[PDB]
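S.K.: Take a look and give me a structure for this.
(chains A, B, C, D, E, F, G, H, I, J, K and L, ligands or ions: 1)
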Amino acid sequence: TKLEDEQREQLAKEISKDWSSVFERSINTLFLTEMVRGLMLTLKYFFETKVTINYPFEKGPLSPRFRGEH
Amino acid sequence: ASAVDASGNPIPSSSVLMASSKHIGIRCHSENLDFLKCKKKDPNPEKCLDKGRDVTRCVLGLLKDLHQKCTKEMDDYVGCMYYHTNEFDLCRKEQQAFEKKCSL
Amino acid sequence: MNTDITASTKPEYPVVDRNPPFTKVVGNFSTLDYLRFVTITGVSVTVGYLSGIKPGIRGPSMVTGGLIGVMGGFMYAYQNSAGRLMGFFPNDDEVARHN
Amino acid sequence: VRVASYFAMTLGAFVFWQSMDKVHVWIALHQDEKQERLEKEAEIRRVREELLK
Amino acid sequence: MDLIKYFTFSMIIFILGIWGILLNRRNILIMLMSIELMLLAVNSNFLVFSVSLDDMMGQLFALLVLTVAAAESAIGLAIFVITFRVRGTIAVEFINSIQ
Amino acid sequence: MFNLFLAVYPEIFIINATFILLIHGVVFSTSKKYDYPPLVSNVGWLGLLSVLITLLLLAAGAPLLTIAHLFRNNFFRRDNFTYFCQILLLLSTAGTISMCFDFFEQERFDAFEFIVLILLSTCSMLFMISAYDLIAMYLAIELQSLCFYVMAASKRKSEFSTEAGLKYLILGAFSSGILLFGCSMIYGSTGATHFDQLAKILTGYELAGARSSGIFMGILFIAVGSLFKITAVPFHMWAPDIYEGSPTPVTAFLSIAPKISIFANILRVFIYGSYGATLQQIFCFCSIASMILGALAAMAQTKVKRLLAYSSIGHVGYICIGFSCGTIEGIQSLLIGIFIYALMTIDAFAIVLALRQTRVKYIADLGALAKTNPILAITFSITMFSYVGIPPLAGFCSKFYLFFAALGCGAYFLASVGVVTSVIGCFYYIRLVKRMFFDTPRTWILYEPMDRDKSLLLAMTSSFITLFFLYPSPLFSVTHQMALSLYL
Amino acid sequence: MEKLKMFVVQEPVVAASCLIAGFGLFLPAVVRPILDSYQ
Amino acid sequence: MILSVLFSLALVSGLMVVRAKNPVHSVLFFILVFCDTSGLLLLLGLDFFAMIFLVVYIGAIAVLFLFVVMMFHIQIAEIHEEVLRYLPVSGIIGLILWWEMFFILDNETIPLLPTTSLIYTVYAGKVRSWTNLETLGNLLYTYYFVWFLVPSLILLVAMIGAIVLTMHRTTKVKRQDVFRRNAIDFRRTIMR
Amino acid sequence: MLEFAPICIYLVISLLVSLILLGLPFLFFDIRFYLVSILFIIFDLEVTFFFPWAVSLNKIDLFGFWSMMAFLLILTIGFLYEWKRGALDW
Amino acid sequence: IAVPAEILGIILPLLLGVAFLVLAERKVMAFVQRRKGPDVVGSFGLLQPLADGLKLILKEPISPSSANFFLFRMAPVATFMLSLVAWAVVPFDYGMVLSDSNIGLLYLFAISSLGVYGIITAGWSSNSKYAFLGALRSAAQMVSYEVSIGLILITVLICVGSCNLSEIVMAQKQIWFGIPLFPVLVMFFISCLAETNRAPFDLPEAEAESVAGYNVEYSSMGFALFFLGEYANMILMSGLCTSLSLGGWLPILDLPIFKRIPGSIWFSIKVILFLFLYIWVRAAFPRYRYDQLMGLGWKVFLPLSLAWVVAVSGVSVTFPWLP
Amino acid sequence: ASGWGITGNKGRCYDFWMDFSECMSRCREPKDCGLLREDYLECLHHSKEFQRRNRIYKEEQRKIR
Amino acid sequence: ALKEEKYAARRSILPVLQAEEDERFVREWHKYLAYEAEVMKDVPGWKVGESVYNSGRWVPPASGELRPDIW
Ligand SMILES: CCCCCCCCCCCCCCCCCC(=O)OC[C@H](COP(=O)([O-])OCC[N+](C)(C)C)OC(=O)CCCCCCCCCCCCCCCCC
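M.R.: Residues are numbered from 1 along each chain as shown, chains lettered A, B, ... in the order given. This is the structure:
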């Protein structure tokens, strides 16, 4: 686990090069940027058109080489 | 919300008094202060009832004078101060109409 | 909030001021009060170093002892200075300075 | 079933509390007599003390 | 009458906690529960006395007693957990090793 | 630091030092950089240093503790009585911390939370000694009670420690409930919580009558709680079991430190506030029971810790005769007895911890000690004779001055019972001395040498005990001044 | 400084809470006396 | 009448706590008696104290007791004793305490026998009615701060004791770490 | 008070409707939980103390504010103890 | 008298709103997932809640016979009581309150505290130990996030001198408290999400996953009552969010065109946006492990809530900005 | 008794308590303040007033009988 | 400012309400004193509305009910 600890320290030093980067990372982790982006995509699909087939009146496409009833 | 008895008498009530609070405190601050001083000196109601009687006389005279000076404005003010339980913020137009007639 | 500085026992020496300010009490620190602070801090640091050898944290032990000793020595020096300035202690030198 | 037993015990506790109210009223009523008894006893002790003195 | 009824109820709760301790010989959690009932009776007495006497000391000390009772319940359940883990059971005859 | 807090520098410093020690210990014991070091010794040394520093603060700032008299009057009042009581309490705490160092390393008990709780409980006893109200009294009592719960149950896997913790838990909670009911009754029937108000209301009127029945019950319940806190026979049943079960440093601290604080609290709540002959009668009965049953039960004991517990119960009974006389000489005798008993208990428990290296359990274990460790045998025999009350040693001074206070007390029955108990209870101390010196057992239990921390303390305490009869004027004068200053 | 940056990266939420608490204690400790003197 | 019903329910719940066979039922009846005491506080007029009784006693301490009792899984005949034998001593002690209550009430607090029309209303303290919560906060935080800071030490002691008594970290169990490189930067790699 | 009678009647009506809903078809170990509960007790006491402080900030001065801050600091040290010991982890 | 009429007029529309809320959750989640929700039981599926309730009523019950029949049956009753009595205080406009308690905030906090007992007793009374363990987990999670919720309530109580929701809103008149305390509103929203076991932190609804839940043993009406209690709590805490950080029955910018709307419409609209946010977060995010969510509640939201309490108190005390 | 009333105003008879305390502080003998101590206790418990009302009620009821 | 306006309006009205309440209480207390005299005239050694307190300092009659004003 000493290797894991030193790898963690090296990575932390790598991604903490300057105050700008550390502040940006902290703000991104605190203000839920990825969550907001996922919410925006979800809202886009809420407002987009649907692909429901409306079964009894509209039926899915088939092919002449369909294996249905003997 | 009536604010008036059968024979033009002003009902003390609480809406009427709350409407005429500023007028009371401006007209007879004096014996109101005197009655409060007597109450502080001796809390017994019987020891000085005369100061309370003078305060009541002031309040009744002011209510009668205000009612006989402006009636429609005072009646509307008391009605709207009864509809909303003595909330001044909910009765602004009626209060302003009352202020114009009977100036402080 | 009301605060009263009156003490139960009357001071036995002339009172420069009943409730001296914190800055004035700190500035009243004589060489003896500085010696008190230095001795207490040094005792604490030495005790911390000598006790932290077995656990293996000599630097951390000295640091903890240093904070404890600084707090205690500053409290003792402030206590002595305030007691002198309120007349509880033999404040001959600052009584003369006030006079 | 325990709900019926719980309600029966609740009624019993209610009856006990009315009994407690009754004994409180009884104590309120029979206090003056205790007062004269205590006064008589205190008078006896005072007379005894004054005869000793 | 209201003060009489409240004081009688509080005294009855105190006696009921005493009875819980008395009857629960082989039960210890119910003994702690009876102690907590005693605490509740004390708090109720303090509150009703404050209300009757028009003094705020009863409310202050009832709040402090609530805090203390909560802390002591935390500590007591810690003791219960460690004991039950040590001997594997809560029976009283396993908690009689000292005599 | 604004100038009112001159009245609370010792407590503030001890609290801040406890917080600093807790933070340091946790952060450097949960550290993977090191090998998770046992920080108990380092934290204990720093806590002993903090205790010494706050002792110096309290001793040097003797007139400054009275600053903000009216500001602090609601919570506590400080005077010469509290000053000396707190000085003795800090000395006892420092001795207990110093003499329990070797227990840590050898017995592997490496929880610095023990030292943190030592400091926190010491602050609680400081607040208790200063306390001047029915609320601060309860708060300080409960603080030390929770600390002692955790202390007794400190050894988690130990069956004895867990059982002692559970028993002390339940019985202390019961006593807290009783004391709380007493406080509630007094508040309801008096309208007052401050000790000055209680004194003003209660003086001039006896507590035995139709009036103030609720006041009488509240005072009686508070007395019951305090008697439980001092292990009187009507409420003593916890003392031996928890004293045996809890780890030896914990039981030493329990036997030494809480006694002085609880007794100063009792003096300030009862002798000053609710002074009335019924309280002295209650404590007279409690003292009779304490002495008689302590002697009787310690005669039948065969374990060192249980014998020490019952000796503590008997000496509390003697402190209770001193209280139950309740005069100037009575209170001075109470203070003398408390000081002497604390010194003797420190001596005895230092010797016990010295013998803890080889895990001494029974009285027979220290048999043939006059050969393996001669000077230790003489030292422990001197301690046992001091507990007896043999004249040249310190215990006899407290003994005869308690008996003199009882003869000027008018309590001939109390004095006769006390002296008969003193004769009766000499037997088990003599049995200990026989076990060290007289017996020739088939096999001997060789005891490892001491640590310097216990050795210096034991030497100082034994020199004080043996040579106290050459110069008792300082202690007698100090206790007389404290008793006089209790009121004026 | 480097260790502080590493700590802020590794535990951002505790650093943010500490900064917020420091600001909350700093306003009445300094700015309140400053405003009292100014008034 | 409502007061009588409330403490009758409280007494019954307390008796069920005392004589309940199942400790879980004991906890539930303890919750019930706490609720009845809260109702009594409503009748008294201490809304804040009733709500804090609910929050602390009903919430915190009672969920603690419930958790520990259910997690123990105590069986019958492990905690079981006949109550008939202790009935005489319980009755004697309860009767002594009741007689002492009798003596206390007979002297100090005399009940009033039948009032409303004689109530003298001051009207002076009602212009700004201070709530119980408001008054308690003002007092407790201005002029009794020591008795407020001391319980903080008690809570700290309780937390320290709870940890030093009931802490057991896993000796050898893997713990997930989210600060890995593939989570942080994740440079893409291929077979070529 | 005079406002909790509607609450009591609401409770009674809720009981009635719940019983009706139930009766409609009839017509046809681990220490982590303990530690969490103890933390719950401590922070319930914290919030119980916050409520009057928060309400009466306007009356209590910087004295009261700093007393509450000292209370928190005394109890936040306990939270740091929890964090470093490992009580908050699962 | 009129009090039972008011109570019934609060309770029954609340049940209708809960039914249409589960229907709206289905519809919104389906529209998110590029499909259409219930559309075949009535026009646009408006009769779907009625059909579901009728089916649940007509389903024949089963008796587990768990030797704890009373406690098994009464736990959903307890949680239903708690949800309803919590709803007994929430205002809708100026004067639409049953109990205008001066301690309304602490009343709601206490009712939320009592809410764990229904689930705890449901888990214990069930024969299976998996249900008991799941109930314990859910209870602990609600405990932690209710501590956080109480701290947020303390922040709001620092902002507003009073403790009743109506006067809270009357203070909200100026700035809605959401503009000053948007991070506090976000933390309160996440805490109430974890309080009702909805969205992320969804342990009981992860039945297809190994955690199972406390509702496995429950019959048709027990499960229905637990679901109704959970959704009533969801609506309750949405109302709490809008009364605490969105001004309740208050328009935007106080324009006179906006004042034509009664205000109860404003409160309803804000509650609808909060419910839409509930369904949005549930549909858009994965769920946390139990240990992860517990550590997040005890290590991320509690320190932040304490820090925000301290910051708001420091801002208000330093400046004359104090009520 | 402290003057902190239950409704944020002056206590019910903190004035009586202060009269008794001043008498005790300036008195030559503690029995001099017996009347004021009786007044303070009577305010605290209403014992004498309640007894007077109870005996009035008893006389009224026995006259009816 | 709004709350201060409301409280200032309340304070100006207070003296007349207090006067009315004082007169009402005086009338009721005089009626009670007359009732007490007419029901207690038979027993000797009975005063008319004697105060159990000393040194004056009139206090309102005890109601026997805890907090009667809140209800
Ligand atoms: C107008 C008057 C009308 C009548 C009024 C009086 C009605 C009767 C009141 C007494 C109670 C009767 C029902 C008892 C049922 C007990 C069932 C049982 O065994 O439960 C097991 C439980 C133990 O729990 P358990 O777990 O064994 O539960 C099993 C329950 N069963 C049997 C139903 C399956 O026992 C107890 O809890 C002990 C109860 C003792 C009795 C308490 C009664 C209430 C308090 C009475 C106070 C005094 C009243 C009289 C005062 C007189 C004046 C001073």
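S.K.: Find the residue at the geometric middle of the chain.
M.R.: Reading this off chain A. Nearest residue to the geometric centre of chain A (Cα atoms, centre = their mean): residue A:38, 6.4 Å.
S.K.: Oops, wrong one, chain I.
M.R.: residue I:44 (4.4 Å).
S.K.: cool, and chain C?
M.R.: Judging by Cα atoms, centre = their mean, chain C has its centre closest to residue C:77, at 1.6 Å.
S.K.: Over to chain E?
M.R.: residue E:36 (2.0 Å).
S.K.: which residues touch that one?
M.R.: E:17, E:69, E:73, H:30, H:61 (Cβ atoms under 8 Å, 6 or more residues apart in numbering or on different chains). C-beta here means a position set from N, CA and C on the backbone, and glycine is covered the same way.
S.K.: So which residues on chain K come close to chain D?
M.R.: Within chain K, the positions adjacent to chain D are K:50-51, K:54-55, K:58 by Cβ under 8 Å from any Cβ of the partner chain.
S.K.: Determine the longest helix present in chain D.
M.R.: Longest helix of chain D, by residue count under DSSP state H: helix D:3-29.
S.K.: by contact count, what packs against whichever helix or strand comes after that helix?
M.R.: Counting by DSSP states H and E, the next helix or strand C-terminal to helix D:3-29 is helix D:32-52. Using 3 or more Cβ pairs under 8 Å, 6 or more residues apart in numbering or on different chains; DSSP states H and E, the elements in contact with helix D:32-52 are helix K:47-64.
S.K.: quick one: is the helix it packs on near chain E?
M.R.: No - judged by Cβ under 8 Å from any Cβ, helix K:47-64 makes no contact with chain E; its nearest approach is 10.0 Å.
S.K.: coming back round to it: surely the residue nearest to the centre of chain C touches residue C:30?
M.R.: No - in this structure, residue C:77 is not within contact of residue C:30 by Cβ atoms under 8 Å, at 9.2 Å.
S.K.: Sticking with residue F:252, tell me its helix or strand.
M.R.: helix F:248-266.
S.K.: how about the helix or strand following that helix: buried residues?
M.R.: Note on helix F:248-266: by DSSP H and E, the next helix or strand toward the C-terminus is helix F:277-299. Buried residues in helix F:277-299, counted by 16 or more other Cβ atoms under 10 Å in any protein chain shown: F:279-280, F:282-295, F:297-298.
S.K.: relative orientation of the helix or strand following helix F:277-299 and helix F:277-299 in degrees?
M.R.: The first helix or strand that comes after helix F:277-299 along the chain, using DSSP H and E, is helix F:304-325. Computed by axes from the mean of the first three to the mean of the last three Cα atoms, to 10 degrees, the angle separating helix F:304-325 from helix F:277-299 equals 160 degrees.
S.K.: anything in helix F:304-325 near chain E?
M.R.: No - no part of helix F:304-325 sits near chain E under the criterion Cβ under 8 Å from any Cβ; the closest distance found is 8.8 Å.
S.K.: Quick check: next helix or strand after that helix?
M.R.: Following helix F:304-325 toward the C-terminus (DSSP H and E): helix F:328-355.
S.K.: Identify the residues contacting the very next helix or strand once past that next one?
M.R.: Sequence-wise, the next helix or strand downstream of helix F:328-355 (DSSP H and E) is helix F:369-372. For helix F:369-372, contacts defined as Cβ under 8 Å, 6+ apart pick out F:376-378, F:380, F:435-437, F:444, F:446-447.
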